[PDB]
Structure formats: structure tokens, C-alpha cells
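Enquirer: Residue numbers (the deposited numbering), protein chains in the order written: chain D, 2 to 389; chain A, 2 to 389. Supplied in C-alpha cells, the structure appears directly below.
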Ligand SMILES: *Cc1c(COP(=O)(O)O)cnc(C)c1O
Ligand SMILES: *Cc1c(COP(=O)(O)O)cnc(C)c1O
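Structure (C-alpha cells):
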């Protein structure tokens with residue numbers, strides 16, 4: 002006999018529809034969602050490998066790379082960060098991290114745990130790092146790797162990347178980039194920009210379900226991994242082993258770990274959607290949507306965390322809480338009345354701003370208009386003395 | 002302008018239905034599959050936490066534990082092994098691993114990478130370790146942890162666990178058990194058996210989609226983690242942080258990483274299914290199915306890798322390839338003609354046996370009978386000189 006089953010599992014599962022307009026996760030399309038519904042395949046099934054290959058092709062397209070070592074880590078976007086750090090750094094290696102958001106702080110935490118010698122350079126959360134600042138810091142610290150956040154979803158800040166790789170390469174340094182919140186939202190060119198290691202998030206701009214993380218490393222980064230003195234700490238995302246199963250190398254595929262079939266089907270479909278519309282058009286649609294958002298916020302008298310428009314990530318915008326305002330009072334009204342997701346702050350924006358994402362299925366003019374409408378109605382009903 | 006999209010993404014996604022009767026992944030039910038279809042929820046949405054709690058309850062039920070630190074790692078089963086090892090071991094700590102299958106070999110590899118002092122004890126792949134052998138090894142090596150595979154999917158071997166925890170505890174040793182292939186297939190009692198750390202697989206007996214790993218640690222194992230000298234190497238599965246977000250502790254939940262909502266909804270529904278039928282009944286159904294399998298294989302003149310029925314894991318059976326026989330020709334015929342998954346060998350059974358799973362939605366008498374039929378017809382059509 003067994004201690005009895007829980008009563009909480011007697012009710013049916015009910016998950017409401019929501020208008021997911023925070024900085025992640027985004028709304029997935031019906032097509033992407035129903036893809037998860039296919040048969041879970043065995044590790045060496047031909048149709049799994051074929052889907053995996055289509056994903057790598059899709060990934061090379063969105064990263065704009067020809068990297069053969071393009072694959073996925075079986076984890077959320079944190080695991081992509083974890084993988085770059087555990088594979089590219091040995092104990093004692095110097096890593097330079099430019100820190101002006103929460104993701105870089107996570108990267109510091111991870112590099113420490115992996116026993117790297119962590120060199121940081123601080124900056125304001127609302128202004129990027131200059132080529133000069135970075136060049137200087139690289140010269141000084143002579144790091145094996147530089148980590149940069151491309152689009153920062155804790156602030157709404159976009160980091161220019163042109164020229165950075167070149168400098169890194171001048172100094173025997175790998176450039177690793179976190180493109181989780183930026184990819185498919187603004188131009189990105191892994192190869193043109195000399196980037197050695199990049200990852201995105203499924204559940205951000207792509208509108209894919211979370212849990213699997215697209216990744217790409219350059220032949221240079223790859224050769225650095227092949228030549229390490231010691232095994233990397235984590236078998237699960239050892240990129241030699243994982244790349245082998247993904248068919249990235251001139252080697253027969255060996256069982257490594259069971260991949261999330263269903264998440265792969267969905268990622269594939271999300272990649273097809275962007276391939277069908279085209280990168281340029283998606284980026285342009287998201288840029289327009291940002292503009293409509295900025296205008297509408299202006300008319301309400303609301304300020305934007307990243308003040309200079311030149312510096313703004315289109316896909317995530319911090320809306321500053323005005324003085325008298327309870328942010329959570331607005332957000333809950335939004336959800337209860339409009340099923341609208343009005344997300345709060347994180348890191349730099351914690352307690353200071355709400356965060357609006359333009360990602361996945363809400364990257365339309367109509368969606369942005371509805372957001373502005375529901376946000377306004379929500380602030381209005383909730384703080385009747387606010388003046389627009 | 003962008004280098005053009007891949008043509009491979011222009012075709013619709015087409016995944017065939019298959020009768021998934023290898024040792025993983027299993028067929029998920031329609032209910033479980035369509036649950037993935039729900040809205041991807043934000044990390045602090047109430048309905049996510051509610052579903053997470055139901056999962057914990059379902060987990061305590063199938064593990065038969067009252068552990069508060071019952072939760073999921075965001076990875077496939079390997080990540081659960083990774084988590085146990087990185088959390089419970091510090092650099093230099095002695096871990097004892099009893100090695101007679103591939104999973105223990107993986108645990109050796111991981112423990113090495115995490116800088117443990119790995120002690121091993123070998124055994125035949127087709128016979129379990131005795132209490133005497135294990136007690137002796139524990140006494141000798143004085144390990145911080147003992148790792149055991151419960152059900153071995155590479156062999157079809159079932160390891161008796163009664164008495165092992167007691168011995169470990171007499172010696173200040175933690176018992177960590179891999180129940181990936183055994184859970185819900187045979188009786189298991191985490192608490193009664195004095196086990197401190199356990200994980201299963203979603204895509205094995207449970208009939209849930211792969212990519213998320215149920216886990217439970219004892220208050221003892223928990224206190225060990227709270228008292229470590231150094232941070233664990235992997236932030237992503239740091240169990241103090243992950244258990245916090247899962248609400249395992251007397252602490253307010255902090256953002257750790259984005260969990261796979263869709264995989265959680267599915268797991269929840271797989272847990273509800275087994276809760277509705279009950280553990281005892283599911284275990285008895287799988288035990289009968291194995292008997293039917295054994296009988297049918299006997300009639301065909303076919304040998305079973307684990308010879309003594311006393312030692313067999315009901316959910317995975319190794320079918321020895323007869324002398325003249327091309328295992329893969331049989332398997333492909335089975336798929337092409339019956340959509341039947343006849344899996345090959347792994348580790349101990351590599352090139353020696355096929356592997357039949359009794360897991361997920363194929364744990365029925367009718368499914369076993371069809372397997373026997375399809376298998377036989379496939380051997381027959383493919384090797385006309387084989388004698389039954
Ligand atoms: C299949 C299996 C694993 C592997 O899990 P993945 O989901 O493939 O990472 C680990 N342990 C046992 C006992 C298994 O059967
Ligand atoms: C949201 C985000 C992450 C976190 O990813 P998870 O999928 O939550 O693990 C990492 N980097 C950036 C830039 C992000 O926006």
C-alpha cells in the first residue's frame with residue numbers, strides 16, 4: 002500500500018490565454034504550439050535528425066553565420082550562458098565581463114563558480130560601453146574571453162557590437178555575445194561582426210516555447226575547446242559531445258542525452274515562420290512597433306528608462322513608474338481586465354519601471370495599440386489623479 | 002540585406018505516429034501531449050506556481066516521500082544526475098559508484114569533471130550488487146555519497162535497494178539513486194528505503210515529454226548542501242536556488258531561470274494519470290505485461306540478457322540477437338511495416354541485444370501482444386532460415 006495520491010491532481014488543468022507583452026516569454030503561434038503535439042521521437046530516429054538539421058539551417062539564418070558548430074543546448078537561456086563559460090574557460094583563465102545589467106551579473110556568478118579569474122568593468126545601466134572603454138579594458142586585462150549582453154531585457158538597452166570582435170581578435174580574445182533579447186528584433190551578423198560564441202532564447206523574439214537554447218560557436222572558439230588542458234566541468238553541455246550528436250563534426254553521432262523532441266519541433270516551426278517572412282521584414286516590423294509605442298508613451302507623459310532613442314532595444318522598453326504610482330496595482334488591473342501582461346522591473350529597473358516586450362505573436366501594430374489602450378485604462382482606473 | 006533563408010524550412014513539419022516500445026522515449030497520451038499546447042506562462046504567474054505545486058505533490062506520490070525539497074531540474078535525466086553530483090560533492094570528496102551499466106559510467110565521468118575522488122566497484126552487467134559487496138565497499142572507501150542505478154535501461158537489470166540506505170547512514174554516507182527507468186514500473190519507497198537523492202525520467206515509464214527531470218532530496222542531503230565550503234559549480238541547477246523558486250523552503254521565491262511551462266503542464270497531466278489509476282495498479286499492469294513478454298519470447302526460442310527472472314527490470318528487457326541475425330534489418334522492417342520501434346542495444350547490450358520497453362502508453366497486454374507479433378513477423382520476413 003502507498004500513501005494516497007494528492008487531491009490537487011483531481012481537477013482538470015486550466016491555463017488561460019494571456020496577451021504576453023512583457024520582455025519574455027512571448028506568445029507562440031498556434032502552429033508553433035501544436036508542433037509540440039507530435040510524437041516524441043527516439044534519439045536516432047531519421048525524422049528527429051532531419052528536424053535537427055532544419056533547425057541548424059534556421060539557426061545559421063537568424064544568427065547570420067556559416068558556423069558548423071551551430072546547435073542547441075538542452076536548457077533555458079541560462080544553460081546557453083553556462084555552456085559558453087564552462088567550455089571556453091579553464092580554472093584560472095581570465096574572463097572580462099562588461100557589467101551594466103543583470104545578465105552580466107549572472108555571467109560573473111557563473112564564471113566564478115567555474116573558477117575563472119573574473120575581470121569586470123562597470124557602466125551605467127542606461128548607456129552602452131564605447132569601443133574605447135572596451136578596447137582599454139581588453140588591453141589592460143588580456144582576457145581569454147569577453148562577454149557582452151547585446152540587448153538587455155532588464156533595462157531596454159542595446160549594445161553596439163560593430164568593431165568589438167576585431168579588437169578581441171587583435172588580443173587573442175574570444176568574443177561571446179548574449180543575443181537572447183535582441184535576435185530577430187534588430188540586425189545581427191555573427192560572422193561579419195567577428196563574434197565567436199552566441200546564444201538566443203526560444204521564448205523571446207522567436208515566439209518558441211522555453212527550455213531549449215540555440216547556440217553557435219566559431220571555428221576559433223571550437224579550436225579553443227578542442228585544445229583545453231582539462232575536461233570541461235559539465236558533461237551535459239560539453240560542446241564536443243553535444244556538437245557530435247547534433248552532427249556538427251566529421252564524426253559519427255553518439256548518444257549524449259535525450260533531446261526535447263517536442264521543443265525541437267516547435268523551435269523548427271518558429272524558425273520556418275521567420276524564414277517565410279524574412280529577417281529584414283521582421284526587424285522592420287518590430288522597429289515600427291517600437292516607434293508606435295514610444296509615441297503613445299510620450300502622449301501619456303511617461304518616461305522611458307533608456308532616454309536616448311539611439312540606445313534603445315526595440316523589443317524591450319522600460320516605462321518609468323511616475324511618482325504617485327503603485328506599479329503592481331496597474332499590472333494586476335491590466336491582467337484582470339484585459340488579460341494583458343504588464344511586467345514589472347528587473348535588475349536596473351527593479352521598482353523603477355514596467356517592461357514592455359515586442360516579441361513573438363504580439364509584434365504587430367494592433368497589438369501595440371491594444372497595449373497602449375489597456376495600459377492607459379489600467380493606470381487611469383487605478384490612479385484617478387494621474388494626469389495625461 | 003541578409004544571406005537568404007534555408008529552403009529546408011519551406012516544407013511543412015511531418016512527424017509520423019510510431020509505436021514507441023523501446024526503453025525510451027515512450028508514447029505520451031493525447032491528454033499529456035495536448036497539455037503542452039497551453040499558454041507559456043510568466044515565471045511569477047499564479048497558475049504556473051499552482052501547477053508546479055501539483056507537480057511536487059504528484060512527485061512525492063510517485064517517489065513515496067514527504068521531502069519538501071521535491072522539485073524539477075530543467076534538463077533531461079542526465080541533468081538530474083549532474084545536479085545530484087554537483088550539489089552533493091565538493092572538490093576532493095569521495096564518491097562511491099557501483100558500476101555495472103552505462104549510467105554509472107556517466108556518473109563516473111561527471112564526478113571526475115566536478116573534481117571528486119571517484120571510487121568504483123565493478124560488477125557483471127546482468128547481476129545486481131549484494132548488500133555485502135556494497136557494505137564492504139562503503140567500509141573500505143568511507144564515501145560522502147554512494148551512487149546506484151535502480152533500473153538499468155542498458156541491461157534490463159533491477160538493483161535491490163532494501164537495506165542500502167541504512168548501511169550508508171551508519172557510515173555518514175548519502176544514498177543517491179537513479180530511478181529513471183524503474184519508477185512507476187516497480188515498487189519504490191524513497192523514505193522507507195532511507196534514500197537521500199533520487200531522480201526519474203519524464204519520457205520513460207511516466208509517458209511525459211522529455212526535457213524536464215523530477216528530483217527529490219532528503220533533509221539530510223539538503224543540510225549537506227547548506228553546509229558546503231564552496232559554491233556548487235553550476236548555478237543553473239544549484240538546488241538551494243532552484244528549490245527556492247519551486248517553493249521548497251521557508252523563503253520567498255526569487256527568479257532563477259525560465260522553466261519550461263509547456264513541459265510542466267505535460268508532466269502534471271502524466272502525474273494526474275498515474276494518480277487516477279494508482280501506483281499499485283500501474284506496477285501490477287507492467288509486471289503482467291513483462292510476464293506476457295517473457296512467455297512470448299520463450300516460445301520464439303529467444304534469450305533474455307538478464308537470465309534470472311528474479312533480477313529483471315519489468316520495463317526494459319534485452320532480447321539477445323541469435324547467431325545468424327542482423328539486428329538492424331529486423332528493426333527497420335519492424336518500423337517500415339508495423340511502425341514498431343524495436344530498439345537496439347546500449348552499453349552492456351550494444352551489438353548483443355534489442356531492448357523492449359514497457360512504458361507510457363504501451364503498457365498494455367494488447368500492445369505487448371502486438372509487439373510480439375510485429376517482432377516475430379519482422380524476424381521471419383527478414384531471416385527466413387530462423388527457426389522458432
Ligand atoms: C534513459 C536513462 C537515462 C538517460 O536520460 P536522458 O533523458 O536520456 O538524459 C538515465 N538513467 C537511466 C536509468 C535511463 O534509463
Ligand atoms: C530573459 C533573458 C535571459 C534569461 O533566459 P532564461 O530563458 O530565462 O533562462 C538571458 N539573457 C537575456 C538577454 C534575456 O533577456
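All residues carry an ideal CB built from backbone N, CA and C; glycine is no exception.
Label residue 214 of chain A either buried or exposed according to how many other C-beta atoms from any shown protein chain fall within 10 Å of its C-beta, with 16 as the threshold for buried.
Expert: It counts as buried.
Enquirer: Which runs of the beta strand (DSSP E) spanning at least 3 residues fall entirely within the stretch 88-164 of chain D, listed in chain order?
Expert: Here the runs fully enclosed are 95-100, 118-123, 146-150.
Enquirer: Under 8 Å between C-beta atoms, does residue 372 of chain A make it to chain D?
Expert: no
Enquirer: Check whether the Cβ atoms of residue 281 of chain A and residue 366 of chain A lie closer than 8 Å to each other.
Expert: no
Enquirer: What are the boundary residues of the beta strand (DSSP E) that includes residue 354 of chain D?
Expert: 354-358
Enquirer: Between the stretch 172-179 of chain D and the stretch 266-282 of chain D, do at least 3 Cβ pairs fall closer than 8 Å?
Expert: no
Enquirer: Look up residue 392 of chain D in the DSSP assignment and give the residues it is bridged to.
Expert: Absent from the model: residue 392 of chain D. The displayed extent of chain D is 2 to 389, so no value can be given.
Enquirer: Which same chain residues, not among the five before or five after residue 67 of chain A, have their C-beta less than 7 Å away from its C-beta?
Expert: 61, 192
Enquirer: If you measure beta-carbon to beta-carbon, which residues of the stretch 210-228 of chain D are closer than 9 Å to chain A?
Expert: So the list reads 210, 211, 212, 213, given in the order they occur along the chain.
Enquirer: Out of D/312, D/253, D/108, D/263, state which residue places its alpha-carbon closest to the alpha-carbon of residue 162 of chain D.
Expert: Checked all of D/312, D/253, D/108, D/263; the closest Cα to residue 162 of chain D is D/312.
Enquirer: Quick one: residues in its chain with C-beta nearer than 6 Å to the C-beta of residue 107 of chain D, no 5 flanking neighbours on either side, listed in chain order?
Expert: none
Enquirer: Whose Cβ in chain A lies nearer than 8 Å to the Cβ of residue 40 of chain D?
Expert: 16, 17, 18, 19, 21, 28
Enquirer: Measure the beta-carbon distance from residue 263 of chain D to residue 37 of chain D and round it to whole angstroms, keeping in mind my assumption that it falls under 8 Å.
Expert: Residue 37 of chain D and residue 263 of chain D do touch by the CB rule: their CB atoms are close to 4 Å apart, below 8 Å.
Enquirer: Could you list which residues in chain A have their beta carbon closer than 7 Å to that of residue 173 of chain D, in chain order?
Expert: Those do not exist, as residue 173 of chain D stays about 26 Å from chain A at its closest Cβ, beyond 7 Å.
Enquirer: Using a Cβ-Cβ distance under 8 Å, would residue 134 of chain D count as near chain A?
Expert: no
Enquirer: Is residue 348 of chain A near ligand 1, going by C-beta to nearest heavy atom under 7 Å?
Expert: no
Enquirer: Using a threshold of 7 Å, is the CB atom of residue 79 of chain A nearer than that to any non-hydrogen atom of ligand 1?
Expert: yes
Enquirer: Less than 8 Å separating the beta-carbons of residue 314 of chain D and residue 157 of chain D?
Expert: yes
Enquirer: Along the stretch 317-344 of chain D, where does the CB come closer than 8 Å to a CB of chain A? Name the residues.
Expert: 342, 344
Enquirer: If you follow the alpha helix (DSSP H) that residue 72 of chain A is part of, which residue opens it and which one closes it?
Expert: Per DSSP, residue 72 of chain A belongs to no alpha helix (DSSP H); it is in the beta strand (DSSP E), 71-74.
Enquirer: With 16 as the cutoff for other CB atoms within 10 Å, does residue 129 of chain A come out buried or exposed?
Expert: buried
Enquirer: In whole angstroms, what separates the C-alpha of residue 376 of chain A from that of residue 20 of chain A?
Expert: 12 Å
Enquirer: Heavy atom of ligand 1 less than 7 Å from the Cβ of residue 377 of chain D, yes or no?
Expert: For residue 377 of chain D, the shortest separation between its Cβ and any heavy atom of ligand 1 does not lie below 7 Å.
Enquirer: Report whether the distance from the Cβ of residue 329 of chain D to the nearest heavy atom of ligand 4 is below 7 Å.
Expert: The model depicted lacks ligand 4 and carries ligand 1 and ligand 2 instead.
Enquirer: Determine the DSSP secondary structure at residue 242 of chain D, reduced to helix, strand or coil.
Expert: Assignment of residue 242 of chain D by DSSP, reduced to helix, strand and coil, places it in the helix class.
Enquirer: What does a CB cutoff of less than 6 Å around residue 153 of chain D pick up in its chain, not counting 5 residues either side in sequence?
Expert: 102
Enquirer: Please classify residue 238 of chain A as buried or exposed, where buried requires at least 16 neighbouring CB atoms within 10 angstroms.
Expert: buried
Enquirer: Under 8 Å, Cβ to Cβ, is there at least one residue of chain A near residue 100 of chain D?
Expert: no
Enquirer: Residues bridged to residue 318 of chain D by DSSP?
Expert: D/357
Enquirer: Which residues in chain D have a C-beta closer than 8 Å to the C-beta of residue 346 of chain A? List them in chain order.
Expert: Chain D residues near residue 346 of chain A: none, gap ~11 Å exceeds 8 Å.
Enquirer: List the residues of chain D that residue 349 of chain A touches, going by C-beta distances under 9 Å, in chain order.
Expert: Correct list: empty, because the minimum Cβ distance to chain D is about 14 Å.
Enquirer: Suppose the cutoff is 7 Å on Cβ atoms and the five residues either side in sequence are ignored; what does the same chain contact list for residue 394 of chain A look like?
Expert: Any question about residue 394 of chain A goes unanswered here, given that chain A covers just 2 to 389.
Enquirer: Throw me the rounded Cβ distance for the residue 226 of chain A and residue 242 of chain A pair, which I believe falls under 8 Å.
Expert: No, residue 226 of chain A and residue 242 of chain A are not in contact; Cβ-Cβ is about 11 Å, not under 8 Å.
Enquirer: When you compare each of D/198, D/329, D/268 to residue 341 of chain D by their alpha carbons, which one comes out closest?
Expert: The residue among D/198, D/329, D/268 with its C-alpha nearest the C-alpha of residue 341 of chain D is D/329.
Enquirer: Would you call the stretch 25-33 of chain A and the stretch 196-209 of chain A touching, i.e. three or more CB-CB distances under 8 Å?
Expert: yes
Enquirer: For residue 33 of chain D, name the three-state secondary structure that DSSP assigns.
Expert: helix
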